[PDB]
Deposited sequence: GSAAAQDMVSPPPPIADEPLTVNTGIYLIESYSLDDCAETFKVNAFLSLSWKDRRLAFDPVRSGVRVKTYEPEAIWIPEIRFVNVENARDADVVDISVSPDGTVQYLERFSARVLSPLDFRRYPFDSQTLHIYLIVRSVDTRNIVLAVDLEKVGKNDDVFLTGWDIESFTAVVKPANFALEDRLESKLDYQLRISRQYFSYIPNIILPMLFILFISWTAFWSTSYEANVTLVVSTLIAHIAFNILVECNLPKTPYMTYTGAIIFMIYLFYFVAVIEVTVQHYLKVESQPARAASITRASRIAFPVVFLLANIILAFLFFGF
């Protein structure tokens, strides 16, 4: 079957709509794709037919070749209904389960908001040009729409389509945006708190002179920090980009090094009989370490938010 012919030179407007049935660090969505276009070749008089509307099969009529852009593979398509109104207006409906192929911006994790994108595309034919449109009454989401650890803020579409030329033929692109924000509250007692306790347990080598107990304090807590980093391996990003957590983790690895330097220096001074000077440093460190940490954290929080 060929596409419907133009009354005049005008292109075929396909009224699209996505409504999230079920939505569920990667994302998959189960939804309704609704398509509507006018094919007069199908028009009928209800009187001769004895039907308000005629229900067709996908094979029977011309259906626009609507493809998705960023998704895993050929969509799990299931046609729900095909309805033609006496005028030849085609009301298509399909149910599709699809994997969201968008990278997340981990730069502000775990205090971030993401915008998941769903791209609808149609390539225009030799016969006539096809353009995409949005039926706002056919764009939404159910309420059973859950995404554990996230707050589903919106499901909206950029109404104005992206029309552009590709391999000498025109293409019409549409942008569906699932905007989500994170449920950060558990991060404190699970990730930052114990990581901070381990670093604090190290800092008690600023009220000690025993190099044996001090080596054992700083070094043994370096092992505990690394093991805890492996414990929360999942909840920490794979990112090749600068991240808020990444720098905070890095800063900690540096603070374990500075603490070793102080400890080492202090012991060297004591061996060297400048104990008044060493005890001065170990005394300063009791306020230096927690103050530079709290400043550097505030510096970073500003640098990332």
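Mapping the modelled residues onto the deposited sequence reveals missing stretches at 1-8, 33-38, 320-321.
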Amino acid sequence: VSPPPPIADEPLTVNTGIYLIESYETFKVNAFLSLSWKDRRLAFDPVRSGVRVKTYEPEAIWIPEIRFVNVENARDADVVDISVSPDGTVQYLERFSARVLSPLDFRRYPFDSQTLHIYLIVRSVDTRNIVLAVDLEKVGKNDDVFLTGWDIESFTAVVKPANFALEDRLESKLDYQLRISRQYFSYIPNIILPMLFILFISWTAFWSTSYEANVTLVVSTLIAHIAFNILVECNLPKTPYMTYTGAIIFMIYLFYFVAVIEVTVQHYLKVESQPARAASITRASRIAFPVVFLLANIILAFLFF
From here on, numbers count along this sequence of modelled residues.
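The mean Cα B-factor in the deposited entry runs higher for 160-168 than for the other of 112-120 and 160-168.
Taking the mean C-alpha B-factor of each stretch as recorded, 187-195 and 73-81 are not equal, and the higher mean is that of 73-81. Going by the entry's values, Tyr241 shows the largest Cα B-factor out of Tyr241, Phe68, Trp37, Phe250. As recorded in the PDB entry, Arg128 shows the highest C-alpha B-factor of the residues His225, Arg179, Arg128, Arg107. Sort the chain's modelled residues by C-alpha temperature factor and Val218 lands in the lowest third, per the entry. Ranked against the other modelled residues of its chain, the C-alpha B-factor of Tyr211 as given in the entry falls in the middle third. Split the chain's modelled residues into thirds by C-alpha temperature factor. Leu174 is in the lowest one. For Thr26, the recorded CA B-factor ranks within the middle third of the chain. Only modelled residues enter the ranking.
Ranked by C-alpha B-factor against the other modelled residues of its chain, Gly149 falls in the lowest third.
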